[PDB]
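Structure assessment
This is what each chain is made of:
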Amino acid sequence: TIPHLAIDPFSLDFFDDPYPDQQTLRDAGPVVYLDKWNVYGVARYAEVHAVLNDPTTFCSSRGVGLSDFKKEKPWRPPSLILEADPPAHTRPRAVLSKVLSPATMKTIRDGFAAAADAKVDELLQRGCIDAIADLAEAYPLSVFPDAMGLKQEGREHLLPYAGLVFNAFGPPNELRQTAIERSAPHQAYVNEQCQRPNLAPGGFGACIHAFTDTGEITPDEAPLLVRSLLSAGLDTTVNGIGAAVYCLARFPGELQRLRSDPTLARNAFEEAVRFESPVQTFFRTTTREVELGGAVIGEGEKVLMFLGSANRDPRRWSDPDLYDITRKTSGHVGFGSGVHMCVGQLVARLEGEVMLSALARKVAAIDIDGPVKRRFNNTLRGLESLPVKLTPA
Ligand code: HEM
Ligand SMILES: O=C(O)c1ccc(Cl)cc1
Ligand SMILES: [Cl-]
Ligand SMILES: [Mg+2]
Ligand SMILES: [Mg+2]
């Protein structure tokens, strides 16, 4: 009753061009079985959204990667937020929601916007740059570690650690084994910075520790919550901003509409998140036998959600393959949906908005002018190198 497919959604050939395989996954049925990894898969919008919003059956406390924490040891202590279910999830989630709250955004907006404007002006003096190293990576590196309150020493470990985290959600393929092997130095750096004495007062990390006073989290929980921000908060935005720049480079008509109304910057970024879906996939584990899409899934089974596919499902989206900065993006699943929906979404949108605003006001054209190279990761979709020539407005 359930179709069995041999597609490996963690293979390099899949990463290189996922869209044909994603349609095959959608059109095979509402639920598929992936023989390569012995997991169920859902790739249509309706089922992905349903699974995300059914946490009591599709749980996260057994891991949101392929590995089932009931069967194997986690490669690092479980995240207290991503890898927890309610009620354990609730108070840690509330702490991060307050640390990264609307009110908090007021305190960082001016500096984040100023750093974006300065970066774009700097790049316009060079003309010819790598939109990944020089923009998608350089900008978040210039604002986020400081907003976290990290010291200067050791920051070279941040992107390597995040790449490890996202590779580790995948299956035990070469990408994952190479990332986990000899990762101790990255783990040691991050774990050290999560301790209270190493976090600058006023930054996100120190603010997490300050919540230990309220009874929402204990002091021994705070380092792990800081770890969540250092795991999710940098590499995601790197690939989100890179996706937006890649979209604007490929769709000059949309760059021109953004230039004509810079207030579209926030939605242009949201549409880039839908269109590229920097976080491609996450898993859940069934807590009971459950019927999904006419398929009877047993207890304790991994279910792979194709977020990028759901964001391109023509059952839900008009012209899903087109980048449209005025699209009504509400309901996309690029930040998840439901109890675990990205708690850092306001930071991500702030960075993306202010960068796209700076481009909208300062740049007239973005031309790819060198070999484009893709970056392979079991969970993240994005580019390794995007050589572009920026023409000033
Ligand atoms: C474009 C950028 C980003 C994307 C595409 C993204 C994507 C996601 C997705 C899909 C989830 C849901 C996980 C699940 O359902 O299992 C999530 C959760 C989460 N994100 Fe983001 N994220 C981004 C930026 C950030 C930033 C900047 C931060 C921190 C500053 C952050 C921190 C978190 C945390 C802690 C969670 C777990 C929340 C929970 O389990 O309740 N993310 N993110
Ligand atoms: O480490 C964490 O909690 C974590 C890691 C990655 C994401 Cl996308 C969200 C949360
Ligand atoms: Cl760690
Ligand atoms: Mg260990
Ligand atoms: Mg010290």
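Residues numbered from 1 in each chain as written, not as in the entry; some residues may be left out. Chains lettered and ligands numbered in written order. Heavy atoms only, no water.

The name given to the chain in the PDB entry is Cytochrome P450, and the organism recorded there is Rhodopseudomonas palustris. What UniProt records for the chain under Cofactor (unreviewed entry) is the sentence "heme". (UniProt positions renumbered as here; feature names shortened; annotations may be inferred.)

**Regarding the overall build of the chain**
For the chain, the count of helices and strands is 16 helices and 13 strands. Against the 2.2 N^0.38 benchmark of 21 Å for 393 residues, the chain shows a C-alpha radius of gyration of 20 Å, consistent with a compact globule. For the chain, the C-alpha atoms occupy an extent of roughly 60 × 50 × 35 Å along the three principal directions. Buried residues in the chain amount to 59% of all 393 residues. A separation of at least 24 residues holds for 73% of the contacts in the chain among residues at least 6 apart in sequence. (Helix = DSSP H or I, 4+ residues; strand = E, 2+ residues; numbered from the N terminus. Rg over C-alpha atoms; globule rule 2.2 N^0.38 Å. Buried < 20%, exposed > 50% of the residue type's maximum accessible area, 1.4 Å probe, protein only. Contact = heavy atoms within 4.5 Å.)

**Notes on empty space enclosed by the protein**
Summed over all chains, the structure comprises three cavities of 30 Å³ or more. Taken as a whole, the largest cavity spans an internal volume of roughly 810 Å³. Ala232, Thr236, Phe282, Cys342 and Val343 are the residues nearest the centre of the largest cavity, which is lined by 43 residues in total. Sorting the residues of the lining of the largest cavity by element identifies α4 (90-99), α7 (158-168), α11 (222-232), α12 (235-250), α14 (265-276), β6 (281-286) and α16 (345-362) as the ones contributing at least two each. Ranked by residues supplied to the lining of the largest cavity, first place goes to α11 with four residues. Looking at the lining of the largest cavity, its residues break down into 26 nonpolar, 14 polar and three charged. As for the second largest cavity, its lining consists of 15 residues, of which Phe15, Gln280, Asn377, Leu380 and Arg381 are closest to the centre. (1 Å grid on protein atoms, 1.4 Å probe; cavity = no way out; pocket = protein on both sides within 12 Å on 5 of 7 lines; lining within 4 Å. Points joined across faces, edges and corners; volume = space filled by probe spheres on them. Nonpolar A, V, L, I, M, F, W, Y, C, P; charged D, E, K, R; others polar.)

**Let's talk about helix α6 (residues 132-148)**
A maximum bend of about 35 degrees is found in α6 at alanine 138, where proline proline 140 lies one to four positions downstream. Burial analysis of α6 places 13 of its 17 residues in the buried class, which makes it a mostly covered element. Residue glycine 149 follows α6 closely and has a positive phi angle near 85 degrees. (Bend = angle between axes of the 7 residues up to and from the residue.)

**Re the UniProt feature "binding site: heme b" (unreviewed entry) in the chain**
Within this numbering scheme, the UniProt entry marks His89, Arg93, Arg284, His340 and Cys342 as carrying the feature "binding site: heme b" (unreviewed entry). From the set just named, the residues that line the largest cavity comprise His89, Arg93, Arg284, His340 and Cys342. We classify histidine 89 as buried; its relative accessible area is 3%. The contact partners of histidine 89, leaving out residues within four places of it in the chain, are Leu80, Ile81, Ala84, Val339 and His340. Position of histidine 340 relative to the elements: it lies in the loop between α15 (307-310) and α16. Looking at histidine 340, the relative accessible area reads 16%, which means it is buried. Those residues in contact with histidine 340 that lie beyond four places of it in its chain are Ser60, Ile81, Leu82, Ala84, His89, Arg93 and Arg284. A distance of 3.4 Å separates a polar atom in the side chain of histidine 340 from the backbone oxygen of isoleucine 81. (Polar contact = N/O pair within 3.5 Å; in protein donor to acceptor, adjacent residues only side chain to side chain.)

**Notes on the layout of surface pockets**
Approximately 390 Å³ is the volume attributed to the largest pocket. As for the largest pocket, its lining consists of 23 residues, and the residues nearest its centre are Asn167, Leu175, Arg375, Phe376 and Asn377. Of all elements in the fold, only α7, α8 (174-180) and α12 reach the threshold of two or more residues within the lining of the largest pocket. The residue inventory of the lining of the largest pocket, partitioned by class, reads nine nonpolar, eight polar and six charged. In this structure, the second largest pocket encloses a volume near 290 Å³. Lining of the second largest pocket is provided by 19 residues; of these, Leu66, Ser67, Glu72, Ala168 and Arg176 occupy positions nearest its centre. Of the residues contributing to the lining of the second largest pocket, the split by class is nine nonpolar, four polar and six charged.

**Focus on the site of ligand 2**
Residues in close proximity to ligand 2 include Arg76, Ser79, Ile81, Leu82, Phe166, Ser228, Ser231, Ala232 and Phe282, which together make up its full environment. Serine 79 is positioned such that a nitrogen or oxygen atom in its side chain is 2.6 Å from an oxygen atom of ligand 2. Contact distances for ligand 2 include 2.6 Å between an oxygen atom and a side-chain N or O atom of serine 228. Among the detected pockets, ligand 2 sits in the largest cavity. Looking at the shell around ligand 2 element by element, the count peaks at three residues for α11. (Near = heavy atom within 4 Å. Sits in = over half its atoms within 2 Å of the grid points.)

**Re unusual backbone geometry**
In the segment running from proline 86 into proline 87, the intervening peptide bond is cis, with an omega of 5 degrees. Despite not being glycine, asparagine 38 has its phi angle at roughly 55 degrees, a positive value. Tracing the backbone through its elements, the reader meets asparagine 38 in the loop between β2 (32-34) and β3 (39-42). Unlike most non-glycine residues, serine 277 shows phi in positive territory, near 50 degrees. Relative to the elements of secondary structure, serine 277 occurs in the loop between α14 and β6. Given the relative accessible area of 0%, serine 277 is considered buried.

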